[PDB]
Amino acid sequence: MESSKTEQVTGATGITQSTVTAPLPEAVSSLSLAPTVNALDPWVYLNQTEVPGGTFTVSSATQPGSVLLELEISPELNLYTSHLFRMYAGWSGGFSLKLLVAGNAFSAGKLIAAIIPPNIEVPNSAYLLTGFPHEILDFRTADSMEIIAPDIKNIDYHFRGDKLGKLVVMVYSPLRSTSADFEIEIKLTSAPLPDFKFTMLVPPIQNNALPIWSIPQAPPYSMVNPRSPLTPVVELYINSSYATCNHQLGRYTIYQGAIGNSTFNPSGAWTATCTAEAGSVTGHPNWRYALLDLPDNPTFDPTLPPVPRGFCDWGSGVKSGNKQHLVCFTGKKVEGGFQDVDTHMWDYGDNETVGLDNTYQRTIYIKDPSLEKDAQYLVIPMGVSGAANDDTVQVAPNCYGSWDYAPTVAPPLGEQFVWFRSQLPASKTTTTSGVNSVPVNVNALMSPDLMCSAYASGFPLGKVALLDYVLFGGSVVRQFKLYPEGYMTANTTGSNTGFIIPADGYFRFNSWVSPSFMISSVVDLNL
Amino acid sequence: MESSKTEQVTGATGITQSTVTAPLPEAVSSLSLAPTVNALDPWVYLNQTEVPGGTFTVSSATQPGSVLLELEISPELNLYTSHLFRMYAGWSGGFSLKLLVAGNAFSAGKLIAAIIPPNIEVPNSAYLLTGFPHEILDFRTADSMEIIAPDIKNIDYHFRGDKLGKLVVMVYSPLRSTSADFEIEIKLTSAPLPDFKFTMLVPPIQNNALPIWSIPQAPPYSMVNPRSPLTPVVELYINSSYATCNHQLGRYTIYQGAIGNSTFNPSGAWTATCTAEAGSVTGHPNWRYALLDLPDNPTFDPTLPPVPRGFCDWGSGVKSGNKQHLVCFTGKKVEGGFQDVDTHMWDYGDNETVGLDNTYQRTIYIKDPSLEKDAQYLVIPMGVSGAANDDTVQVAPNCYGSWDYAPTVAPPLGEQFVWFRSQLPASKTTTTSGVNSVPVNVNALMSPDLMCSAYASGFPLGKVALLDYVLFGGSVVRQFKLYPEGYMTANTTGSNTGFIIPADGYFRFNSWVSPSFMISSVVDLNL
Amino acid sequence: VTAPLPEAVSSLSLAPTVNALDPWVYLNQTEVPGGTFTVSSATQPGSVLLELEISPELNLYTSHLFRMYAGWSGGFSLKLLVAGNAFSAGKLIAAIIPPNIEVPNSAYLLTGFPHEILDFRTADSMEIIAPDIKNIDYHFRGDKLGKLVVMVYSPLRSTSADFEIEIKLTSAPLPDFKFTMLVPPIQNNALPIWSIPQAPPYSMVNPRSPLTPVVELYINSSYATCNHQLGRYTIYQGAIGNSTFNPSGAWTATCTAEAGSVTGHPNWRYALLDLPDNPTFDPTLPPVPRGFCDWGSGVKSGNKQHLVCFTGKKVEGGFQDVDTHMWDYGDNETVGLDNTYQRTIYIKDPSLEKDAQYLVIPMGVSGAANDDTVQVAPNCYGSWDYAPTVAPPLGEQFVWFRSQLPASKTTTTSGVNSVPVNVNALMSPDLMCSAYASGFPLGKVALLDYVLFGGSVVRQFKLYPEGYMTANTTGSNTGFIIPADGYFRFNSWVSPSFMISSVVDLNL
Amino acid sequence: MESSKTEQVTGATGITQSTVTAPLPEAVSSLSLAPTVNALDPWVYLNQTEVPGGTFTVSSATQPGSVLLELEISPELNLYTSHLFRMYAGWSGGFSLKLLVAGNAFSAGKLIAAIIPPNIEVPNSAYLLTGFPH
């Protein structure tokens, strides 16, 4: 609206158009209540930089009414104002947003962008989006559109934590083309408007998310496996069958740290004790009941977890009488320690009854005919024995009550989880030792070591991290998405249950993307 | 020299003097070669902030000729220019440094400050310091002295990595007073001079040390013990006897990460294997020789470590035939794993010969009369047995060769180490199991979890970190110094070998201090 | 877009002499050495297509002159030549990186630097000026310099059938450019032009099988990687791994008999190679004598395949009754002592006298071995410097020097009956000889023309500084062979991402 | 360089460009040593004629670096000056050469032309050809 410029393409088979528009007038604050007004380096106003989570692709499949992009107008748009904002208490002013469109004269379709005031819901149809102040582009001639996005507020200047307006981009008319694999690419860049200002210098220690996250180059094999300490991580894994995870040990979150029953020192908390309560259950051998000790939950209330912190979540099976069991060290407690430590078979709760068969509680099986009454015993989970395989260990027992356990999660459609494997050694016995375990592999959703760095540099709100995985000195690079909930996903096309990736390491940070972002790189599982 | 101001104290029993001096004229660069000149927020020039490592105390014991303070003139002096410098490639300009002296009219003594040009050694006598451009203060009347410190250079503007001038402060005449516990306190504050400028905005990801270090509030008991995984850290420890450390597992450094034989995943690397080579040594039972496997050092060259990564460094003793030994799990390797895993006694190298008695090599003892020839075996260090106590485990075996092992370290005179303890459970046996371990405690210099955050935010060059340790909700606070070499020290006055500190946690960052800084808080070991 | 970063003119007031340039080199544009690259629909976003230091090497006239001077000062004016089309649309990014700053990893961090966006349909004839960010009043050779980086911003897409787009850069010194100090013209700059004396491949020696002339050049689909140790040469380092500049001279070796044996239908006796250059057998030096065989015979099948060799007992001033025996590396049934490049071997000799020197001439392989087994080399372990394994960029295949090895038969039970096989070497020392004179431009690859029938047929290969040649092939097959008439010719320097326009059809 | 002219194709789906360039300045001889200076029929200067051996075809197979055309600047370029030269002993002056290209707006590629001074070898790569005036 403010101005328009047209240029002829090379060869004179079309044109490109550059426009500047101000759909909503800007009201400039007088800043009369600001104790001090702090100016910016003048060169910051002249430097367009890419906006985090400001990229998307339009294909013939994309339908109108789906929100492709939604961003708040704040200092986080620009790379340098984001870094500067850590030294200040408040801010005021708008931004100039530039849409870059890679169009062509032999395509068809339209695009719409609009400004949403604060405290207004975003609609899900291009028809309603025309109610807002907006602008429309055509793929045949669009080259770059500059939007003078205003800073809508009812106060003199902003403190941290307010509600802010948004920019929304949507397809107005579907894309068409003779070629079946043509697609339009959209990118956003921003810079503060000349009237942008800061106020009230303060020491630079804030809770914001750093615009750039620095990841130490520690490789995966140098990281611990939460669900199987004492065994190093050997490779990364992708399985098509594993469409969900219900584990409670390898769960970490950006906001509230550990989740469910997880801990930051898996090796330290791997040990527990039981009291060997009376009672027994039937079987060809004789099985015994024991109640786990809860030092952190001395009074067995339903609010706190019912099992020792970070204890164990193998998962034996829905029903396995003489087929599958868990094997652990066990020894009677005496002064100064324990005596006669040897391998025994065990499991969770009773067998026949439901709700106690495979669940978290204090009740556990013991394969000890000579289990002394009301005496304390040691428990080192070790591994599994019988007919157990990888699948049985993968599925953890269910959780019940009101002790805010870790919720089950699934990947977005079209993506698959990435795991940390570990070879669990097999234990064999020739004499009458009692038990014989079998080889098996254990997977963990996430390791605390990787998430440790992320805590120092939090994630920007409503964004995920796109990471590069360098293996052969840069020749081979893989792309993963790291969600705040604490899992990694990859884009796949094939179907395989045994895909292996080396553990050379060197994780690298690429950029911030939306949760619905589609990874450009694709991992072919059929190979 | 430029100006002086005198004021009368309350009660008219003395005066205080404020002076501004420019001992060395400033040459202002024209910045003709700078592609862009970036200005600063004008309010940054008016904000004096404390200089990191800019505090010291003068007592009657302090003698002239000892360097109390030495700082480079760079953007790191000011809190805000340090944060701003991460966005830029170069800088140019001087600083104004203010000395604040807490003097009194009924004391005596003098103080001297000087400016050292680049590439000049700092002398160790006040007599030679008068050769430089300098200024002299008197404790009877000194209140605040402002120094216009110039930016001495022979280039148009600075890049990272140059040599810079320094400010040095020294006692000119010793302090005297009727009271025996009087002492003067000195502090430095700084702000850039009006001609300071930056140049060439670049994305803010640099290798500098952040002016403020943010420490996660994870308590010690949530951290792993490098020298004893599977046992949680239970308390912090101070011992007067332990005047040095020669360990090789709990060694981490700010610059080159792990040191000696340490690893970032102690639990994962705690396991090793041996080959059970031929030969034997005398004894009432029969002992056997075995050679440790080195997957990381397949060819046993003297350049690389001679033992498995992060394996074990207990330390049994200088000579213990039938008194002290190490006890571990052991089992013969078979397809899929190991069989007949049970506790056995072992040690390092042979017994009589020197250089192999207590040293790192592949040779180790095995307490297995039926040790099969040239067969692989598992080794889980577990613990100790016999007459071993805390002292024996504390002293690790020596290291020889040219495999850049971890050097031995000692605390500065008047300070003591702070350790991480862990109760090692005792293993008892009633039947003919073979061995019986004893309770013992294990100490580690540092845990990787604490150092993990420090890697993200490096230390400023030539500085140590002063940390606050909050225990009872802020009521009780302890002060420790964290050195880049990777150990913590505390100021003590008493003499005790069993001082215990809880593990409530909540480490906090206070400020940057010099290595010779003396902690104000004192821990009384006699209580 | 014309000038991402301002260019600050230096007065050169500290230079002892200010040496002016010919006024006419300022006026006309020339192609930038190594400034050519191509964009394809398969190119991934965020991948660096071109990286150049702002230096006198951006122009071939100033590059030639710079061999004669010790200092310089000033920037350059670049012009962009795009061979686009009407159907394809994409977008590029060009940025200036100040000296002492690391190059970013992703396109979104690159936008932090001074930059500007190119659109394929309007990019042609765009002009960019590259300033030089300097510390001193002028540069000394060996300083750290700013650099220009070009990266894919939006991937190339086409409405119609896809076309590749080829990009060229031309440059000329900016009017303030000047030299200084006038030193003799033997400085260390890489010459903008490389002159290759004419030498047909069959006139070159085959390092991995001397005594057999190179018969023809070879391209195979299956051979995806090379792990050889003999035919490895590098312009920066010279001979790599266990290579030598005199393959025939180092072919012969000797070994000393060892105690023991192993199991076999006949008897398998031990031997131990001599190491004149490694007397103490320390871990940091090669385990085997320089230039010795690196053929592989099966991963573990010590009995199915066998290497063969002439062997004779040591005698004063010579050797006696040399005859053909079998041999192989390592003791077999072991990870580190089987099919491994190390000094322990065994010989098929019924009676091998202990602690006696013996000849070892690798000759040829026998048994069930075929050329596929021969090419795979024994693995290397230890701390000594061994040649890294290499693979060509996706879409390209190696070009090998091929030699044919005659077989050997016998009526009498002399011990063996060798099998005819073919030998391949990735590089030959003779071709590298010339390159050492003229260095390669930093991080650039030589594009060579191989013309055969008096100009009628021309093949295009890329020679990498690591020491291998590759060809772009639409098809991939095992049996394709190029004649050996020869006459290599130098074409230009290209970026390693460049894709050869000329294509070789292998399936047909 | 001297001038450029642009025209729209029929249907307005592209353009055609006609240019006049003088990459190397001409030095005009004073002819002070010539016993006689003989002029030409003025109509000969206005008659473009095809140059012998001045035709070639570019296909997708043709590769850069191959010399498609190489001609000496002499009276043999023009049909009438070639016939006239038989009556004379000497000559002096340059020529105007016109390249006619049958292009189309829906193709791609580029072409380069250069002037080689006497006693200089012709290179076999477009990269080196940019060294000459072109």
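What you see below is based on every heavy atom in this structure, not just the backbone, and it leaves out hydrogens, waters and symmetry mates. Throughout, protein chains are lettered first and strands after them, A, B, ... in sequence-line order, and every chain is numbered starting at 1.
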Is it true that atom [atom1] of [X] has more than 12 heavy atoms of other residues, nucleotides or ligands lying nearer than 6.0 Å?
{"X": "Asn207(B)", "atom1": "CG", "value": "no"}
{"X": "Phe245(C)", "atom1": "CZ", "value": "yes"}
{"X": "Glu102(C)", "atom1": "CD", "value": "no"}
{"X": "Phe292(C)", "atom1": "CZ", "value": "yes"}

One should read off an interatomic distance between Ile93(C) CD1 and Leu49(C) CG, to the nearest 0.5 angstrom, of 12.0 Å
Does NZ or CZ of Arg141(C) come closer than 6.0 Å to the centre of the six-membered ring of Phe66(C), within 45° of the ring's axis? yes
Do any N or O atoms from the side chain of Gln44(C) and from the backbone of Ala42(C) form a donor-acceptor pair under 3.5 angstrom?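 Present.
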Ring-ring centroid check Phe179(C) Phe177(C), cutoff 6.0 Å: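 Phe179(C) vs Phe177(C): aromatic centres under 6.0 Å.
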Taking the side chain as everything from C-beta on, heavy atoms only, tell me whether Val390(C) gets closer than 4.5 Å to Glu466(C). no
Should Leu21(C) and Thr62(C) count as side-chain neighbours, where that means a heavy-atom distance under 4.5 Å? yes
Got a sec, which residues hit side chain to side chain donor-acceptor pair (under 3.5 Å) with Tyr450(C), two or more places apart in sequence or on another chain?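 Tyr450(C) satisfies side chain to side chain donor-acceptor pair (under 3.5 Å) with no other residue.
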Among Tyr223(C), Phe398(C), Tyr464(C), which residue satisfies the side chain to side chain contact (heavy atoms under 4.5 Å, CB included) criterion with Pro392(C)? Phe398(C)
